[PDB]
$ cat query_6.cif   # mmCIF, N, CA and C atoms and all ligand atoms
data_protein
#
loop_
_atom_site.label_atom_id
_atom_site.label_comp_id
_atom_site.auth_asym_id
_atom_site.auth_seq_id
_atom_site.Cartn_x
_atom_site.Cartn_y
_atom_site.Cartn_z
N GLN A 8 92.12 100.06 117.01
CA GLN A 8 91.38 101.08 117.81
C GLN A 8 92.16 102.26 118.44
N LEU A 9 93.45 102.11 118.74
CA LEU A 9 94.28 103.27 119.12
C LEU A 9 95.78 103.06 118.94
N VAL A 10 96.52 104.16 118.94
CA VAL A 10 97.98 104.16 119.00
C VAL A 10 98.42 105.02 120.16
N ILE A 11 99.55 104.66 120.77
CA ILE A 11 100.05 105.37 121.93
C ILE A 11 101.04 106.40 121.46
N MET A 12 101.04 107.56 122.11
CA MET A 12 102.08 108.54 121.86
C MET A 12 103.37 108.03 122.53
N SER A 13 104.19 107.33 121.76
CA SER A 13 105.31 106.58 122.32
C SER A 13 106.62 107.33 122.12
N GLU A 14 107.64 106.93 122.87
CA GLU A 14 108.99 107.45 122.70
C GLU A 14 110.04 106.38 123.00
N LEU A 15 110.93 106.18 122.05
CA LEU A 15 112.05 105.25 122.18
C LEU A 15 113.29 106.00 121.78
N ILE A 16 114.21 106.17 122.74
CA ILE A 16 115.36 107.07 122.60
C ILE A 16 116.66 106.34 122.96
N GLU A 17 117.69 106.42 122.13
CA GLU A 17 119.00 105.88 122.48
C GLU A 17 119.90 107.03 122.90
N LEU A 18 120.52 106.95 124.09
CA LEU A 18 121.39 108.03 124.60
C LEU A 18 122.83 107.89 124.10
N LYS A 19 123.60 108.97 124.22
CA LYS A 19 124.92 109.03 123.57
C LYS A 19 126.09 109.25 124.53
N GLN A 20 125.87 109.97 125.63
CA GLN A 20 126.97 110.24 126.58
C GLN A 20 126.41 110.54 127.97
N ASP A 21 127.24 110.34 129.00
CA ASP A 21 126.85 110.68 130.36
C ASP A 21 126.32 112.12 130.46
N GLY A 22 125.28 112.27 131.26
CA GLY A 22 124.50 113.49 131.36
C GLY A 22 123.18 113.38 130.62
N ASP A 23 123.13 112.57 129.55
CA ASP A 23 121.90 112.51 128.73
C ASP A 23 120.70 111.93 129.52
N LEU A 24 120.92 110.98 130.44
CA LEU A 24 119.78 110.43 131.17
C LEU A 24 119.17 111.45 132.11
N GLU A 25 120.05 112.15 132.84
CA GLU A 25 119.62 113.18 133.77
C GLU A 25 118.84 114.27 133.02
N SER A 26 119.34 114.63 131.83
CA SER A 26 118.66 115.62 130.98
C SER A 26 117.29 115.09 130.56
N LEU A 27 117.24 113.82 130.20
CA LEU A 27 115.99 113.23 129.75
C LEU A 27 114.96 113.17 130.87
N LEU A 28 115.42 112.82 132.06
CA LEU A 28 114.54 112.75 133.22
C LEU A 28 113.93 114.10 133.54
N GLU A 29 114.70 115.17 133.36
CA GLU A 29 114.23 116.53 133.62
C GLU A 29 113.28 117.00 132.54
N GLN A 30 113.49 116.50 131.33
CA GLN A 30 112.70 116.87 130.16
C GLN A 30 111.33 116.19 130.19
N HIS A 31 111.26 115.04 130.86
CA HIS A 31 110.05 114.21 130.92
C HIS A 31 109.60 113.94 132.35
N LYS A 32 109.34 115.03 133.09
CA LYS A 32 109.16 114.94 134.55
C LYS A 32 108.04 114.03 135.04
N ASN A 33 106.91 114.00 134.33
CA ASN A 33 105.76 113.22 134.81
C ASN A 33 105.44 111.91 134.05
N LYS A 34 106.43 111.42 133.31
CA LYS A 34 106.36 110.10 132.66
C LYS A 34 107.13 109.04 133.45
N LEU A 35 106.67 107.79 133.38
CA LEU A 35 107.49 106.65 133.77
C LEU A 35 108.57 106.54 132.70
N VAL A 36 109.81 106.30 133.13
CA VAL A 36 110.93 106.13 132.23
C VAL A 36 111.46 104.72 132.42
N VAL A 37 111.65 103.98 131.34
CA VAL A 37 112.09 102.60 131.42
C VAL A 37 113.41 102.51 130.64
N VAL A 38 114.50 102.22 131.33
CA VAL A 38 115.83 102.27 130.75
C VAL A 38 116.40 100.85 130.58
N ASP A 39 116.73 100.54 129.34
CA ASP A 39 117.45 99.32 128.97
C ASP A 39 118.97 99.63 128.94
N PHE A 40 119.68 99.18 129.98
CA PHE A 40 121.13 99.21 130.01
C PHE A 40 121.66 97.97 129.31
N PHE A 41 122.33 98.17 128.19
CA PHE A 41 122.80 97.08 127.31
C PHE A 41 124.27 97.22 126.93
N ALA A 42 124.82 96.17 126.31
CA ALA A 42 126.15 96.27 125.73
C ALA A 42 126.11 95.82 124.29
N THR A 43 126.98 96.42 123.50
CA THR A 43 127.15 96.08 122.08
C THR A 43 127.48 94.60 121.85
N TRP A 44 128.25 94.01 122.75
CA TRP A 44 128.74 92.63 122.64
C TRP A 44 127.86 91.62 123.37
N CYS A 45 126.66 92.03 123.75
CA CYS A 45 125.79 91.19 124.56
C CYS A 45 124.72 90.55 123.65
N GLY A 46 124.78 89.23 123.46
CA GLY A 46 123.81 88.52 122.63
C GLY A 46 122.38 88.70 123.11
N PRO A 47 122.14 88.46 124.40
CA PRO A 47 120.77 88.60 124.93
C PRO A 47 120.21 89.99 124.73
N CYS A 48 121.07 91.01 124.78
CA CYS A 48 120.65 92.40 124.53
C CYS A 48 120.10 92.55 123.11
N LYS A 49 120.81 92.01 122.13
CA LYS A 49 120.38 92.15 120.73
C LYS A 49 119.08 91.42 120.46
N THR A 50 118.95 90.26 121.06
CA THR A 50 117.74 89.46 120.96
C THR A 50 116.51 90.15 121.53
N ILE A 51 116.66 90.78 122.70
CA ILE A 51 115.50 91.45 123.31
C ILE A 51 115.16 92.83 122.73
N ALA A 52 116.12 93.45 122.03
CA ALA A 52 115.92 94.84 121.62
C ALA A 52 114.65 94.99 120.77
N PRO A 53 114.39 94.08 119.79
CA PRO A 53 113.11 94.33 119.08
C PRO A 53 111.84 94.17 119.90
N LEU A 54 111.90 93.39 120.98
CA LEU A 54 110.76 93.19 121.86
C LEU A 54 110.56 94.42 122.71
N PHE A 55 111.67 95.04 123.14
CA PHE A 55 111.62 96.29 123.89
C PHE A 55 111.01 97.38 123.02
N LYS A 56 111.42 97.40 121.76
CA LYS A 56 110.82 98.32 120.75
C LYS A 56 109.30 98.07 120.69
N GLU A 57 108.87 96.82 120.58
CA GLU A 57 107.43 96.53 120.52
C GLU A 57 106.68 96.99 121.76
N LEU A 58 107.28 96.80 122.93
CA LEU A 58 106.70 97.23 124.15
C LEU A 58 106.51 98.73 124.17
N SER A 59 107.45 99.46 123.58
CA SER A 59 107.39 100.93 123.61
C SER A 59 106.16 101.45 122.88
N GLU A 60 105.60 100.62 122.01
CA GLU A 60 104.38 100.97 121.26
C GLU A 60 103.09 100.75 122.07
N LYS A 61 103.20 100.13 123.24
CA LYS A 61 102.03 99.68 123.98
C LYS A 61 101.75 100.51 125.22
N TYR A 62 102.76 101.26 125.67
CA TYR A 62 102.66 102.01 126.93
C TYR A 62 103.11 103.44 126.78
N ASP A 63 102.34 104.35 127.38
CA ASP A 63 102.67 105.78 127.42
C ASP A 63 103.77 106.01 128.47
N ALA A 64 104.97 105.55 128.13
CA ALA A 64 106.16 105.73 128.95
C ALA A 64 107.28 106.19 128.02
N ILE A 65 108.41 106.63 128.57
CA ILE A 65 109.60 106.92 127.77
C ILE A 65 110.53 105.73 127.86
N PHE A 66 110.77 105.10 126.72
CA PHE A 66 111.64 103.94 126.65
C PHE A 66 113.02 104.39 126.22
N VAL A 67 114.04 103.98 126.99
CA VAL A 67 115.40 104.52 126.78
C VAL A 67 116.39 103.38 126.60
N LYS A 68 117.35 103.53 125.70
CA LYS A 68 118.42 102.56 125.54
C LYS A 68 119.73 103.23 125.93
N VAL A 69 120.49 102.58 126.82
CA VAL A 69 121.79 103.09 127.30
C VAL A 69 122.88 102.02 127.12
N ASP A 70 123.86 102.31 126.25
CA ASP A 70 125.01 101.42 126.08
C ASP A 70 125.93 101.71 127.25
N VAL A 71 126.17 100.69 128.08
CA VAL A 71 126.97 100.84 129.29
C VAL A 71 128.40 101.32 129.02
N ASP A 72 128.92 101.09 127.82
CA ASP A 72 130.28 101.56 127.49
C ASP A 72 130.32 102.99 126.96
N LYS A 73 129.18 103.51 126.53
CA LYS A 73 129.09 104.91 126.14
C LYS A 73 128.68 105.85 127.28
N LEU A 74 127.97 105.32 128.28
CA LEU A 74 127.55 106.13 129.42
C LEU A 74 128.05 105.44 130.66
N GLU A 75 129.38 105.37 130.80
CA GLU A 75 129.96 104.62 131.89
C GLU A 75 129.59 105.11 133.28
N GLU A 76 129.52 106.44 133.44
CA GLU A 76 129.21 107.05 134.74
C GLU A 76 127.76 106.72 135.11
N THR A 77 126.88 106.70 134.11
CA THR A 77 125.46 106.42 134.34
C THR A 77 125.29 104.95 134.73
N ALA A 78 126.01 104.05 134.06
CA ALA A 78 125.96 102.63 134.42
C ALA A 78 126.45 102.42 135.85
N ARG A 79 127.53 103.12 136.22
CA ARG A 79 128.11 103.03 137.56
C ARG A 79 127.09 103.53 138.57
N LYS A 80 126.44 104.65 138.24
CA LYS A 80 125.48 105.31 139.13
C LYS A 80 124.28 104.40 139.42
N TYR A 81 123.88 103.64 138.40
CA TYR A 81 122.76 102.72 138.56
C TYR A 81 123.18 101.30 138.95
N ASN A 82 124.47 101.14 139.27
CA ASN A 82 125.02 99.85 139.76
C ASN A 82 124.78 98.68 138.80
N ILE A 83 124.94 98.96 137.50
CA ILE A 83 124.75 97.92 136.50
C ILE A 83 125.86 96.88 136.57
N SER A 84 125.50 95.62 136.77
CA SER A 84 126.52 94.59 136.76
C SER A 84 126.27 93.41 135.83
N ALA A 85 125.14 93.43 135.12
CA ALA A 85 124.81 92.42 134.12
C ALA A 85 123.90 93.08 133.13
N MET A 86 123.83 92.52 131.91
CA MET A 86 123.14 93.15 130.76
C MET A 86 122.34 92.08 130.00
N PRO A 87 121.09 92.39 129.61
CA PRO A 87 120.45 93.70 129.80
C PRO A 87 119.91 93.85 131.22
N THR A 88 119.96 95.07 131.76
CA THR A 88 119.24 95.40 132.98
C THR A 88 118.26 96.51 132.66
N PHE A 89 117.01 96.32 133.01
CA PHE A 89 115.95 97.31 132.77
C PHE A 89 115.59 97.98 134.06
N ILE A 90 115.68 99.31 134.09
CA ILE A 90 115.36 100.11 135.29
C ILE A 90 114.13 100.99 135.04
N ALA A 91 113.13 100.92 135.92
CA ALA A 91 111.98 101.81 135.90
C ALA A 91 112.22 102.96 136.87
N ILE A 92 112.05 104.17 136.34
CA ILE A 92 112.32 105.40 137.08
C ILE A 92 111.03 106.22 137.05
N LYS A 93 110.51 106.56 138.23
CA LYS A 93 109.27 107.32 138.33
C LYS A 93 109.57 108.52 139.21
N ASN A 94 109.17 109.70 138.73
CA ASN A 94 109.47 110.96 139.42
C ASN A 94 110.97 111.10 139.75
N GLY A 95 111.82 110.66 138.82
CA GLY A 95 113.26 110.74 138.96
C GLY A 95 113.91 109.68 139.84
N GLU A 96 113.11 108.82 140.47
CA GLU A 96 113.67 107.81 141.37
C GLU A 96 113.47 106.39 140.89
N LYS A 97 114.49 105.56 141.07
CA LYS A 97 114.34 104.12 140.78
C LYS A 97 113.25 103.44 141.60
N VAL A 98 112.33 102.81 140.89
CA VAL A 98 111.23 102.08 141.54
C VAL A 98 111.25 100.57 141.29
N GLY A 99 112.02 100.12 140.30
CA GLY A 99 112.22 98.70 140.13
C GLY A 99 113.30 98.41 139.11
N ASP A 100 113.71 97.14 139.06
CA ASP A 100 114.59 96.69 137.99
C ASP A 100 114.31 95.25 137.61
N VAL A 101 114.70 94.91 136.39
CA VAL A 101 114.66 93.53 135.89
C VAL A 101 116.05 93.24 135.34
N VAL A 102 116.70 92.20 135.86
CA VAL A 102 118.06 91.88 135.47
C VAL A 102 117.98 90.66 134.59
N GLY A 103 118.34 90.82 133.32
CA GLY A 103 118.19 89.73 132.37
C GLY A 103 117.11 89.97 131.33
N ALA A 104 117.19 89.16 130.27
CA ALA A 104 116.36 89.36 129.11
C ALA A 104 115.00 88.69 129.25
N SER A 105 114.17 89.29 130.11
CA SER A 105 112.81 88.80 130.33
C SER A 105 111.82 89.89 130.01
N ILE A 106 111.31 89.89 128.76
CA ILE A 106 110.34 90.90 128.32
C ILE A 106 109.04 90.83 129.13
N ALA A 107 108.66 89.63 129.61
CA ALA A 107 107.47 89.50 130.45
C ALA A 107 107.65 90.22 131.77
N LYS A 108 108.80 90.02 132.43
CA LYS A 108 109.04 90.74 133.67
C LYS A 108 109.15 92.25 133.49
N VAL A 109 109.73 92.69 132.36
CA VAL A 109 109.79 94.12 132.06
C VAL A 109 108.39 94.68 131.95
N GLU A 110 107.53 93.99 131.18
CA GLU A 110 106.16 94.45 131.03
C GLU A 110 105.40 94.46 132.36
N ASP A 111 105.57 93.39 133.15
CA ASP A 111 104.98 93.37 134.50
C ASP A 111 105.40 94.60 135.32
N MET A 112 106.68 94.96 135.25
CA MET A 112 107.21 96.10 135.97
C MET A 112 106.56 97.40 135.50
N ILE A 113 106.42 97.55 134.19
CA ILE A 113 105.77 98.73 133.65
C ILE A 113 104.32 98.81 134.12
N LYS A 114 103.58 97.69 134.03
CA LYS A 114 102.17 97.63 134.45
C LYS A 114 102.02 98.14 135.88
N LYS A 115 102.97 97.76 136.74
CA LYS A 115 102.95 98.10 138.16
C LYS A 115 103.12 99.60 138.42
N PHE A 116 103.99 100.26 137.66
CA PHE A 116 104.37 101.64 137.99
C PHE A 116 103.85 102.74 137.05
N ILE A 117 103.24 102.35 135.94
CA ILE A 117 102.77 103.33 134.97
C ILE A 117 101.54 104.09 135.47
CA CA A 201 105.19 97.18 116.20
ZN ZN A 202 111.05 113.28 124.58
#
$ encode --input "query_6.cif" --output "structure tokens"
Amino acid sequence: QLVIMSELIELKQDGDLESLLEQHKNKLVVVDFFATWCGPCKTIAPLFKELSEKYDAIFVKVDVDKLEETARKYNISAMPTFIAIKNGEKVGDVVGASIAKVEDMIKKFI
């Protein structure tokens, strides 16, 4: 019966998140902070992809070793950490590979 105008974007260097937030001012932005060497990150990534098809939000992937300043800025200390950003400000986070909690968080702030 419908498809969502979805967006799933992987960032490349510090500055890209701030640019993305400015480019998408009135969307909820959901950021997956992950690491290349993180098993739980790889396991959840296809579920995060599936979620991006269900909600009119901007879904973002950030490798903590490629965007070190951004990880530091968001106080990332475990991976995956999912951050919901609304109107440029952090409104929630989920620490760990729980797709149910991520979806609950999106439901709350979208
Ligand atoms: Ca799908
Ligand atoms: Zn876009």
$ atom_distance --input "query_6.cif" --atom1 "atom CA of residue 65 of chain A" --atom2 "atom CA of residue 95 of chain A"
12.4 Å
$ closest_residue --input "query_6.cif" --among "A:112, A:91, A:67, A:107" --to "residue 27 of chain A" --atoms "only C-alpha atoms"
A:67
$ residues_near_ligand --input "query_6.cif" --ligand "ligand CA 201 (chain A)" --cutoff "7 Å" --atoms "all atoms listed in the file" --output "ChimeraX atom specification"
/A:56-57,60
$ select_by_dssp --input "query_6.cif" --residues "chain A" --states "alpha helix (DSSP H)" --output "number ranges by chain"
A: 23-30, 46-59, 75-80, 106-116
$ write_last_selection --input "query_6.cif" --atoms "N, CA and C atoms" --output "mmCIF file, in the frame of the given file"
data_model
loop_
_atom_site.group_PDB
_atom_site.id
_atom_site.type_symbol
_atom_site.label_atom_id
_atom_site.label_comp_id
_atom_site.auth_asym_id
_atom_site.auth_seq_id
_atom_site.Cartn_x
_atom_site.Cartn_y
_atom_site.Cartn_z
ATOM 1 N N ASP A 23 123.130 112.570 129.550
ATOM 2 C CA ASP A 23 121.900 112.510 128.730
ATOM 3 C C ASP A 23 120.700 111.930 129.520
ATOM 4 N N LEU A 24 120.920 110.980 130.440
ATOM 5 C CA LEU A 24 119.780 110.430 131.170
ATOM 6 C C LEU A 24 119.170 111.450 132.110
ATOM 7 N N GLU A 25 120.050 112.150 132.840
ATOM 8 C CA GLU A 25 119.620 113.180 133.770
ATOM 9 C C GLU A 25 118.840 114.270 133.020
ATOM 10 N N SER A 26 119.340 114.630 131.830
ATOM 11 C CA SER A 26 118.660 115.620 130.980
ATOM 12 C C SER A 26 117.290 115.090 130.560
ATOM 13 N N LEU A 27 117.240 113.820 130.200
ATOM 14 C CA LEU A 27 115.990 113.230 129.750
ATOM 15 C C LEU A 27 114.960 113.170 130.870
ATOM 16 N N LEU A 28 115.420 112.820 132.060
ATOM 17 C CA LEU A 28 114.540 112.750 133.220
ATOM 18 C C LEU A 28 113.930 114.100 133.540
ATOM 19 N N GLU A 29 114.700 115.170 133.360
ATOM 20 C CA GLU A 29 114.230 116.530 133.620
ATOM 21 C C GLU A 29 113.280 117.000 132.540
ATOM 22 N N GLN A 30 113.490 116.500 131.330
ATOM 23 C CA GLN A 30 112.700 116.870 130.160
ATOM 24 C C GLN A 30 111.330 116.190 130.190
ATOM 25 N N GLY A 46 124.780 89.230 123.460
ATOM 26 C CA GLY A 46 123.810 88.520 122.630
ATOM 27 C C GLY A 46 122.380 88.700 123.110
ATOM 28 N N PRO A 47 122.140 88.460 124.400
ATOM 29 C CA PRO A 47 120.770 88.600 124.930
ATOM 30 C C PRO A 47 120.210 89.990 124.730
ATOM 31 N N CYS A 48 121.070 91.010 124.780
ATOM 32 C CA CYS A 48 120.650 92.400 124.530
ATOM 33 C C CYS A 48 120.100 92.550 123.110
ATOM 34 N N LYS A 49 120.810 92.010 122.130
ATOM 35 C CA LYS A 49 120.380 92.150 120.730
ATOM 36 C C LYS A 49 119.080 91.420 120.460
ATOM 37 N N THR A 50 118.950 90.260 121.060
ATOM 38 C CA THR A 50 117.740 89.460 120.960
ATOM 39 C C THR A 50 116.510 90.150 121.530
ATOM 40 N N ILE A 51 116.660 90.780 122.700
ATOM 41 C CA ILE A 51 115.500 91.450 123.310
ATOM 42 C C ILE A 51 115.160 92.830 122.730
ATOM 43 N N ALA A 52 116.120 93.450 122.030
ATOM 44 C CA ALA A 52 115.920 94.840 121.620
ATOM 45 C C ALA A 52 114.650 94.990 120.770
ATOM 46 N N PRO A 53 114.390 94.080 119.790
ATOM 47 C CA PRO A 53 113.110 94.330 119.080
ATOM 48 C C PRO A 53 111.840 94.170 119.900
ATOM 49 N N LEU A 54 111.900 93.390 120.980
ATOM 50 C CA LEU A 54 110.760 93.190 121.860
ATOM 51 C C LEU A 54 110.560 94.420 122.710
ATOM 52 N N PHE A 55 111.670 95.040 123.140
ATOM 53 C CA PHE A 55 111.620 96.290 123.890
ATOM 54 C C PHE A 55 111.010 97.380 123.020
ATOM 55 N N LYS A 56 111.420 97.400 121.760
ATOM 56 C CA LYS A 56 110.820 98.320 120.750
ATOM 57 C C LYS A 56 109.300 98.070 120.690
ATOM 58 N N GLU A 57 108.870 96.820 120.580
ATOM 59 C CA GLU A 57 107.430 96.530 120.520
ATOM 60 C C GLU A 57 106.680 96.990 121.760
ATOM 61 N N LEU A 58 107.280 96.800 122.930
ATOM 62 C CA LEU A 58 106.700 97.230 124.150
ATOM 63 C C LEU A 58 106.510 98.730 124.170
ATOM 64 N N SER A 59 107.450 99.460 123.580
ATOM 65 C CA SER A 59 107.390 100.930 123.610
ATOM 66 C C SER A 59 106.160 101.450 122.880
ATOM 67 N N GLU A 75 129.380 105.370 130.800
ATOM 68 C CA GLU A 75 129.960 104.620 131.890
ATOM 69 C C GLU A 75 129.590 105.110 133.280
ATOM 70 N N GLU A 76 129.520 106.440 133.440
ATOM 71 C CA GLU A 76 129.210 107.050 134.740
ATOM 72 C C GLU A 76 127.760 106.720 135.110
ATOM 73 N N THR A 77 126.880 106.700 134.110
ATOM 74 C CA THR A 77 125.460 106.420 134.340
ATOM 75 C C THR A 77 125.290 104.950 134.730
ATOM 76 N N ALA A 78 126.010 104.050 134.060
ATOM 77 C CA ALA A 78 125.960 102.630 134.420
ATOM 78 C C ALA A 78 126.450 102.420 135.850
ATOM 79 N N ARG A 79 127.530 103.120 136.220
ATOM 80 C CA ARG A 79 128.110 103.030 137.560
ATOM 81 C C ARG A 79 127.090 103.530 138.570
ATOM 82 N N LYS A 80 126.440 104.650 138.240
ATOM 83 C CA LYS A 80 125.480 105.310 139.130
ATOM 84 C C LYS A 80 124.280 104.400 139.420
ATOM 85 N N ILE A 106 111.310 89.890 128.760
ATOM 86 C CA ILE A 106 110.340 90.900 128.320
ATOM 87 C C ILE A 106 109.040 90.830 129.130
ATOM 88 N N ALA A 107 108.660 89.630 129.610
ATOM 89 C CA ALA A 107 107.470 89.500 130.450
ATOM 90 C C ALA A 107 107.650 90.220 131.770
ATOM 91 N N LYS A 108 108.800 90.020 132.430
ATOM 92 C CA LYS A 108 109.040 90.740 133.670
ATOM 93 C C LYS A 108 109.150 92.250 133.490
ATOM 94 N N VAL A 109 109.730 92.690 132.360
ATOM 95 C CA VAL A 109 109.790 94.120 132.060
ATOM 96 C C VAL A 109 108.390 94.680 131.950
ATOM 97 N N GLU A 110 107.530 93.990 131.180
ATOM 98 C CA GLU A 110 106.160 94.450 131.030
ATOM 99 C C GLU A 110 105.400 94.460 132.360
ATOM 100 N N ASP A 111 105.570 93.390 133.150
ATOM 101 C CA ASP A 111 104.980 93.370 134.500
ATOM 102 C C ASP A 111 105.400 94.600 135.320
ATOM 103 N N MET A 112 106.680 94.960 135.250
ATOM 104 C CA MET A 112 107.210 96.100 135.970
ATOM 105 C C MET A 112 106.560 97.400 135.500
ATOM 106 N N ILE A 113 106.420 97.550 134.190
ATOM 107 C CA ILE A 113 105.770 98.730 133.650
ATOM 108 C C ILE A 113 104.320 98.810 134.120
ATOM 109 N N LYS A 114 103.580 97.690 134.030
ATOM 110 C CA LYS A 114 102.170 97.630 134.450
ATOM 111 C C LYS A 114 102.020 98.140 135.880
ATOM 112 N N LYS A 115 102.970 97.760 136.740
ATOM 113 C CA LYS A 115 102.950 98.100 138.160
ATOM 114 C C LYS A 115 103.120 99.600 138.420
ATOM 115 N N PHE A 116 103.990 100.260 137.660
ATOM 116 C CA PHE A 116 104.370 101.640 137.990
ATOM 117 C C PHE A 116 103.850 102.740 137.050
#
$ closest_residue --input "query_6.cif" --among "A:69, A:102, A:59, A:84" --to "residue 10 of chain A" --atoms "only C-alpha atoms"
A:59
$ residues_near_ligand --input "query_6.cif" --ligand "ligand ZN 202 (chain A)" --cutoff "9 Å" --atoms "only C-alpha atoms and all ligand atoms" --output "list in words"
residues 14, 15, 16, 27, 30, 31 and 65 of chain A
$ atom_distance --input "query_6.cif" --atom1 "atom CA of residue 62 of chain A" --atom2 "atom C of residue 87 of chain A"
19.6 Å
$ atom_distance --input "query_6.cif" --atom1 "atom CA of residue 99 of chain A" --atom2 "atom N of residue 113 of chain A"
8.4 Å
$ closest_residue --input "query_6.cif" --among "A:26, A:17, A:58, A:32" --to "residue 92 of chain A" --atoms "only C-alpha atoms"
A:32
$ closest_residue --input "query_6.cif" --among "A:21, A:70, A:63, A:111" --to "residue 33 of chain A" --atoms "only C-alpha atoms"
A:63
$ closest_residue --input "query_6.cif" --among "A:77, A:105, A:8, A:13" --to "residue 51 of chain A" --atoms "all atoms listed in the file"
A:105
$ select_by_dssp --input "query_6.cif" --residues "chain A" --states "strand (DSSP E or B)" --output "JSON, numbers by chain"
{"A": [14, 15, 16, 17, 36, 37, 38, 39, 40, 41, 65, 66, 67, 68, 69, 70, 88, 89, 90, 91, 92, 93, 96, 97, 98, 99, 100, 101, 102]}
$ decode --input "query_6.cif" --residues "segment 31-46 of chain A" --atoms "N, CA, C and O atoms" --output "short mmCIF file (atom, residue, chain, number, x, y, z; two decimals), in the first residue's frame"
data_model
loop_
_atom_site.label_atom_id
_atom_site.label_comp_id
_atom_site.auth_asym_id
_atom_site.auth_seq_id
_atom_site.Cartn_x
_atom_site.Cartn_y
_atom_site.Cartn_z
N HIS A 31 19.11 18.91 6.13
CA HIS A 31 17.85 18.24 6.45
C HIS A 31 17.20 18.80 7.72
O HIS A 31 16.91 18.06 8.69
N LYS A 32 16.94 20.11 7.71
CA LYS A 32 16.57 20.83 8.94
C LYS A 32 15.33 20.33 9.68
O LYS A 32 15.32 20.33 10.91
N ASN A 33 14.31 19.91 8.94
CA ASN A 33 13.04 19.52 9.59
C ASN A 33 12.72 18.01 9.62
O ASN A 33 11.57 17.59 9.83
N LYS A 34 13.76 17.20 9.43
CA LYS A 34 13.67 15.74 9.59
C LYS A 34 14.26 15.28 10.93
O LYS A 34 15.19 15.89 11.45
N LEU A 35 13.71 14.19 11.48
CA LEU A 35 14.39 13.45 12.54
C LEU A 35 15.59 12.78 11.87
O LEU A 35 15.48 12.26 10.77
N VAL A 36 16.74 12.82 12.54
CA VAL A 36 17.95 12.19 12.04
C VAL A 36 18.34 11.12 13.04
O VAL A 36 18.38 11.38 14.25
N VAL A 37 18.61 9.91 12.57
CA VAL A 37 18.93 8.80 13.45
C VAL A 37 20.32 8.31 13.03
O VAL A 37 20.51 7.81 11.91
N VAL A 38 21.30 8.45 13.93
CA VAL A 38 22.69 8.17 13.61
C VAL A 38 23.17 6.90 14.32
O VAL A 38 23.15 6.78 15.55
N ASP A 39 23.63 5.96 13.51
CA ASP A 39 24.29 4.75 13.97
C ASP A 39 25.82 4.99 13.99
O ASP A 39 26.48 4.97 12.95
N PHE A 40 26.36 5.18 15.21
CA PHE A 40 27.79 5.23 15.42
C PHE A 40 28.32 3.81 15.59
O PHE A 40 27.94 3.12 16.57
N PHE A 41 29.13 3.37 14.64
CA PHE A 41 29.62 1.98 14.57
C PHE A 41 31.13 1.90 14.39
O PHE A 41 31.79 2.92 14.14
N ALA A 42 31.67 0.69 14.53
CA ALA A 42 33.07 0.45 14.20
C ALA A 42 33.17 -0.71 13.24
O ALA A 42 32.37 -1.63 13.26
N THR A 43 34.18 -0.63 12.38
CA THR A 43 34.49 -1.69 11.42
C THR A 43 34.74 -3.06 12.07
O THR A 43 34.34 -4.08 11.53
N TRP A 44 35.35 -3.05 13.25
CA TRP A 44 35.74 -4.27 13.97
C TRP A 44 34.71 -4.73 15.00
O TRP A 44 35.02 -5.57 15.86
N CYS A 45 33.50 -4.18 14.92
CA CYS A 45 32.47 -4.44 15.92
C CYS A 45 31.48 -5.48 15.35
O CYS A 45 30.74 -5.18 14.40
N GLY A 46 31.47 -6.69 15.92
CA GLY A 46 30.55 -7.74 15.48
C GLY A 46 29.09 -7.33 15.57
O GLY A 46 28.33 -7.48 14.61
#
